[PDB]
file target.txt (compact mmCIF, C-alpha atoms)
# COMPACT_ATOMS: atom_id res chain seq x y z
CA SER L 29 0.84 -58.85 -11.17
CA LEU L 30 0.22 -59.26 -14.90
CA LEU L 31 0.58 -62.76 -16.36
CA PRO L 32 1.61 -63.63 -19.94
CA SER L 33 -2.05 -64.48 -20.62
CA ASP L 34 -2.91 -60.80 -19.94
CA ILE L 35 -0.53 -59.61 -22.71
CA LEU L 36 -0.97 -62.28 -25.39
CA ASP L 37 -4.07 -64.30 -26.29
CA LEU L 38 -2.85 -67.73 -25.17
CA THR L 39 -6.15 -69.55 -25.72
CA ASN L 40 -4.96 -71.65 -28.68
CA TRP L 41 -1.38 -72.29 -27.65
CA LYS L 42 0.55 -74.68 -25.42
CA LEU L 43 3.97 -73.89 -23.93
CA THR L 44 7.13 -76.03 -23.89
CA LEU L 45 9.66 -75.12 -21.16
CA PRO L 46 13.47 -75.38 -21.01
CA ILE L 47 13.27 -77.18 -17.65
CA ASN L 48 11.43 -80.10 -16.02
CA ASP L 49 12.20 -82.50 -18.88
CA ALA L 50 10.86 -79.97 -21.41
CA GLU L 51 7.50 -79.86 -19.64
CA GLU L 52 4.41 -78.72 -21.51
CA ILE L 53 1.96 -76.27 -19.96
CA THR L 54 -1.41 -76.59 -21.68
CA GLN L 55 -4.69 -74.81 -21.24
CA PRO L 56 -6.36 -74.30 -18.87
CA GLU L 57 -3.29 -74.18 -16.62
CA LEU L 58 -1.47 -71.93 -19.10
CA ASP L 59 -3.99 -69.14 -18.48
CA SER L 60 -2.60 -68.68 -14.95
CA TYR L 61 1.01 -69.79 -15.54
CA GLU L 62 4.25 -67.83 -15.32
CA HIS L 63 7.90 -68.64 -14.61
CA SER L 64 9.93 -65.77 -13.11
CA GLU L 65 12.98 -66.63 -15.24
CA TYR L 66 11.71 -68.27 -18.42
CA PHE L 67 8.15 -67.06 -19.21
CA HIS L 68 6.90 -63.82 -17.74
CA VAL L 69 5.81 -60.27 -18.33
CA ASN L 70 8.61 -57.75 -18.73
CA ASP L 71 9.20 -54.90 -16.29
CA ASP L 72 7.40 -52.43 -18.57
CA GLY L 73 4.27 -54.58 -18.45
CA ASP L 74 3.81 -54.73 -22.23
CA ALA L 75 5.56 -57.87 -23.54
CA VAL L 76 6.17 -61.51 -22.65
CA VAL L 77 9.77 -62.57 -22.05
CA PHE L 78 10.81 -66.01 -23.37
CA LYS L 79 14.20 -67.35 -22.20
CA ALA L 80 15.91 -70.67 -22.95
CA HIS L 81 19.38 -71.32 -21.58
CA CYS L 82 21.97 -73.52 -23.27
CA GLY L 83 21.96 -75.96 -20.36
CA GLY L 84 18.21 -76.45 -20.54
CA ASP L 85 16.32 -79.69 -21.01
CA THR L 86 15.35 -80.53 -24.57
CA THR L 87 12.37 -82.11 -26.29
CA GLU L 88 12.55 -85.62 -27.73
CA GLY L 89 14.24 -85.44 -31.11
CA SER L 90 15.94 -82.09 -30.55
CA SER L 91 19.32 -81.17 -29.10
CA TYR L 92 18.37 -77.53 -28.48
CA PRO L 93 16.37 -76.03 -25.59
CA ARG L 94 13.31 -73.89 -25.97
CA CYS L 95 10.69 -71.77 -24.23
CA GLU L 96 8.18 -71.88 -27.05
CA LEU L 97 4.49 -71.81 -27.89
CA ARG L 98 2.97 -74.51 -30.16
CA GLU L 99 -0.26 -73.79 -32.02
CA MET L 100 -3.45 -75.43 -30.76
CA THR L 101 -7.15 -75.19 -31.60
CA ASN L 102 -10.52 -75.63 -29.89
CA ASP L 103 -9.90 -73.78 -26.63
CA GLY L 104 -6.32 -75.00 -26.63
CA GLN L 105 -7.27 -78.66 -26.31
CA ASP L 106 -6.49 -80.00 -29.81
CA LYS L 107 -3.31 -79.83 -31.87
CA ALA L 108 -3.45 -77.51 -34.85
CA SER L 109 -2.83 -79.11 -38.24
CA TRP L 110 -3.22 -77.30 -41.55
CA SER L 111 -2.00 -77.34 -45.14
CA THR L 112 -0.18 -74.83 -47.30
CA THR L 113 -2.48 -75.80 -50.22
CA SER L 114 -5.93 -75.49 -48.59
CA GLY L 115 -7.00 -72.27 -46.92
CA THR L 116 -4.95 -69.29 -45.81
CA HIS L 117 -2.88 -69.46 -42.61
CA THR L 118 -1.23 -66.39 -41.10
CA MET L 119 0.96 -65.63 -38.09
CA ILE L 120 2.08 -62.11 -37.11
CA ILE L 121 4.72 -61.71 -34.40
CA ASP L 122 5.67 -58.24 -33.03
CA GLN L 123 8.83 -58.85 -31.00
CA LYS L 124 12.42 -57.92 -30.19
CA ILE L 125 15.35 -60.27 -29.63
CA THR L 126 17.26 -59.28 -26.49
CA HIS L 127 20.02 -61.83 -25.81
CA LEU L 128 22.08 -64.45 -27.66
CA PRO L 129 24.45 -67.22 -26.57
CA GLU L 130 28.06 -66.07 -26.58
CA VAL L 131 29.63 -68.85 -28.66
CA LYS L 132 26.93 -70.07 -31.09
CA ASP L 133 24.95 -66.82 -31.18
CA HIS L 134 21.94 -68.37 -32.88
CA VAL L 135 18.23 -68.29 -32.02
CA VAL L 136 14.90 -69.12 -33.69
CA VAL L 137 11.87 -66.89 -33.05
CA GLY L 138 9.00 -68.19 -35.14
CA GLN L 139 8.35 -71.33 -37.14
CA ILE L 140 6.10 -73.34 -39.32
CA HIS L 141 6.61 -77.00 -38.29
CA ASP L 142 5.08 -80.22 -39.69
CA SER L 143 4.90 -83.79 -38.40
CA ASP L 144 8.63 -84.36 -38.92
CA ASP L 145 10.61 -81.13 -38.84
CA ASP L 146 10.59 -77.41 -39.39
CA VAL L 147 9.20 -76.08 -42.66
CA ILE L 148 10.54 -72.57 -42.17
CA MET L 149 12.18 -70.82 -39.22
CA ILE L 150 12.81 -67.15 -38.42
CA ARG L 151 16.47 -67.23 -37.43
CA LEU L 152 18.95 -64.72 -36.01
CA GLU L 153 22.69 -65.44 -36.21
CA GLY L 154 24.48 -62.44 -34.71
CA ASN L 155 23.25 -59.38 -36.65
CA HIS L 156 21.87 -61.55 -39.51
CA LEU L 157 18.09 -62.13 -39.43
CA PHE L 158 16.84 -64.50 -42.14
CA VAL L 159 14.36 -67.22 -43.08
CA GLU L 160 15.79 -70.75 -42.90
CA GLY L 161 14.42 -73.88 -44.53
CA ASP L 162 15.98 -77.37 -44.57
CA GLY L 163 18.91 -75.91 -42.66
CA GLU L 164 19.84 -73.38 -45.35
CA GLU L 165 19.10 -69.71 -45.90
CA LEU L 166 16.05 -68.90 -48.01
CA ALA L 167 15.97 -65.09 -47.78
CA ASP L 168 17.35 -62.23 -45.74
CA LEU L 169 15.09 -60.22 -43.49
CA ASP L 170 17.72 -57.86 -42.01
CA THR L 171 21.50 -57.96 -42.40
CA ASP L 172 22.01 -55.26 -39.72
CA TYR L 173 19.80 -56.39 -36.83
CA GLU L 174 20.71 -54.84 -33.47
CA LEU L 175 19.53 -56.55 -30.30
CA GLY L 176 16.57 -54.81 -28.71
CA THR L 177 15.08 -53.62 -32.00
CA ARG L 178 11.31 -54.17 -32.27
CA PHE L 179 10.14 -55.71 -35.54
CA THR L 180 7.13 -57.45 -37.04
CA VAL L 181 7.33 -60.67 -39.00
CA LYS L 182 4.30 -62.00 -40.87
CA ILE L 183 4.11 -65.53 -42.32
CA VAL L 184 1.31 -66.40 -44.78
CA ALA L 185 0.81 -69.93 -46.12
CA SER L 186 -1.69 -70.30 -48.98
CA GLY L 187 -1.84 -71.51 -52.56
CA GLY L 188 1.12 -73.85 -52.24
CA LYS L 189 3.47 -71.09 -51.17
CA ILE L 190 4.76 -69.40 -48.05
CA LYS L 191 5.24 -65.63 -47.89
CA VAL L 192 7.32 -63.86 -45.21
CA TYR L 193 7.17 -60.11 -44.52
CA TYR L 194 9.47 -57.98 -42.35
CA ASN L 195 7.91 -54.74 -41.06
CA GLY L 196 5.36 -55.04 -43.84
CA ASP L 197 7.80 -55.62 -46.73
CA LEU L 198 7.67 -58.91 -48.64
CA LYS L 199 11.04 -60.64 -48.31
CA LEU L 200 10.33 -64.23 -49.47
CA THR L 201 7.83 -66.14 -51.59
CA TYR L 202 8.60 -69.86 -51.27
CA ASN L 203 6.95 -72.77 -53.04
CA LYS L 204 5.87 -75.45 -50.58
CA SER L 205 3.11 -78.08 -50.63
CA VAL L 206 2.87 -79.70 -47.16
CA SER L 207 0.14 -80.66 -44.69
CA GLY L 208 0.21 -81.28 -40.95
CA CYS L 209 1.60 -77.80 -40.40
CA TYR L 210 1.37 -75.65 -37.29
CA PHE L 211 2.86 -72.40 -36.04
CA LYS L 212 5.36 -71.88 -33.23
CA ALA L 213 6.55 -68.69 -31.53
CA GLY L 214 8.85 -67.87 -28.64
CA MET L 215 12.51 -68.70 -28.08
CA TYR L 216 14.29 -71.75 -29.57
CA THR L 217 17.96 -71.41 -28.64
CA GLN L 218 20.23 -73.05 -31.24
CA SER L 219 23.09 -73.82 -28.89
CA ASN L 220 24.02 -76.15 -26.04
CA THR L 221 27.11 -77.01 -24.03
CA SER L 222 28.50 -79.28 -26.81
CA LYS L 223 28.92 -76.09 -28.86
CA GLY L 224 31.10 -74.53 -26.16
CA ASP L 225 28.45 -72.33 -24.58
CA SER L 226 28.09 -72.32 -20.80
CA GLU L 227 25.00 -73.76 -19.14
CA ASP L 228 23.82 -70.24 -18.23
CA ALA L 229 24.32 -68.70 -21.68
CA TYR L 230 20.94 -68.04 -23.21
CA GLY L 231 18.66 -66.75 -25.89
CA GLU L 232 15.89 -64.35 -24.94
CA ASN L 233 13.17 -62.41 -26.74
CA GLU L 234 10.12 -60.30 -25.85
CA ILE L 235 6.82 -60.67 -27.75
CA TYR L 236 4.51 -57.62 -27.70
CA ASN L 237 1.76 -58.92 -30.01
CA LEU L 238 1.00 -62.34 -31.49
CA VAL L 239 -1.85 -63.35 -33.79
CA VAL L 240 -2.75 -66.46 -35.77
CA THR L 241 -5.58 -66.43 -38.29
CA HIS L 242 -7.09 -69.07 -40.53
CA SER L 243 -9.55 -68.76 -43.43
CA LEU L 244 -11.04 -71.42 -45.68

call {"tool": "encode", "arguments": {"input": "target.txt", "output": "structure tokens"}}
result
Amino acid sequence: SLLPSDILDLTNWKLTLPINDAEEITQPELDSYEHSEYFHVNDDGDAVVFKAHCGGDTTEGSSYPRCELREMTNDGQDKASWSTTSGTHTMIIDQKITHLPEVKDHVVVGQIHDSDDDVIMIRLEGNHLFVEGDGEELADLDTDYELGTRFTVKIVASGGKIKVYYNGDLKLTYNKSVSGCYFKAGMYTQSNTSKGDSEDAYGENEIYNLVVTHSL
């Protein structure tokens, strides 16, 4: 029936999977792609489900599995790359987190990433939703987050700073001067079997709306 490309504008994204050696699905194949377990439209027909299990395959340089979109440009053919000091770069994600690993109950659901590592990540640890940078907490978004709760998170990079909003309310203004940045959205499960989780434990979220904008 409906495909993820019918719910979200996937033109300028590529997908990394938690299987097949962390396979990438790029455009134009992504326009017609789904995976019944990891990347598909929900039963209600109004959001895309992203699932990554703790036993999944991982990308080179990470120990954690993902089912995650990586920002592209030019009809999805070129890698996005922008700077926090030139132009204005915005991502809005309207989503709900639906499942966490049992032992290390940690997931990431939105990032800015650069050539080397994450710049910021939207992170849920249990009921604690916060912005992480350099592996430490930068600001709380919600200290009482219940699974299944729809929220919006907006990230704006401009002027040598990064702003993060939660349901419209500014929660963080963070100085940062970095280039080679790009957005990510989906599910990045921060556990694996070495943490004590089972192979079939998983993180899962549902994205209802997703937008990236850029201005000079």

call {"tool": "closest_residue", "arguments": {"input": "target.txt", "among": "L:170, L:153, L:51, L:122", "to": "residue 135 in chain L", "atoms": "only C-alpha atoms"}}
result
L:153

call {"tool": "residues_around", "arguments": {"input": "target.txt", "residues": "range 38-45 of chain L", "least_positions_apart": "5", "cutoff": "6 Å", "atoms": "all atoms listed in the file", "output": "list in words"}}
result
residues 33, 50, 51, 52, 53, 54, 95, 96, 97, 98, 99, 100, 101, 103 and 104 of chain L

call {"tool": "residues_around", "arguments": {"input": "target.txt", "residues": "residue 200 in chain L", "least_positions_apart": "6", "cutoff": "8 Å", "atoms": "all atoms listed in the file", "output": "MDAnalysis selection string"}}
result
chainID L and resid 166:167 190:193

call {"tool": "write_last_selection", "arguments": {"input": "target.txt", "atoms": "C-alpha atoms", "output": "compact mmCIF listing (two decimals), in the frame of the given file"}}
result
# COMPACT_ATOMS: atom_id res chain seq x y z
CA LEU L 166 16.05 -68.90 -48.01
CA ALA L 167 15.97 -65.09 -47.78
CA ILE L 190 4.76 -69.40 -48.05
CA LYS L 191 5.24 -65.63 -47.89
CA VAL L 192 7.32 -63.86 -45.21
CA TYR L 193 7.17 -60.11 -44.52

call {"tool": "closest_residue", "arguments": {"input": "target.txt", "among": "L:219, L:48, L:139, L:116", "to": "residue 187 in chain L", "atoms": "all atoms listed in the file"}}
result
L:116

call {"tool": "atom_distance", "arguments": {"input": "target.txt", "atom1": "CA of residue 112 in chain L", "atom2": "CA of residue 163 in chain L"}}
result
19.7 Å

call {"tool": "atom_distance", "arguments": {"input": "target.txt", "atom1": "CA of residue 226 in chain L", "atom2": "CA of residue 174 in chain L"}}
result
22.8 Å
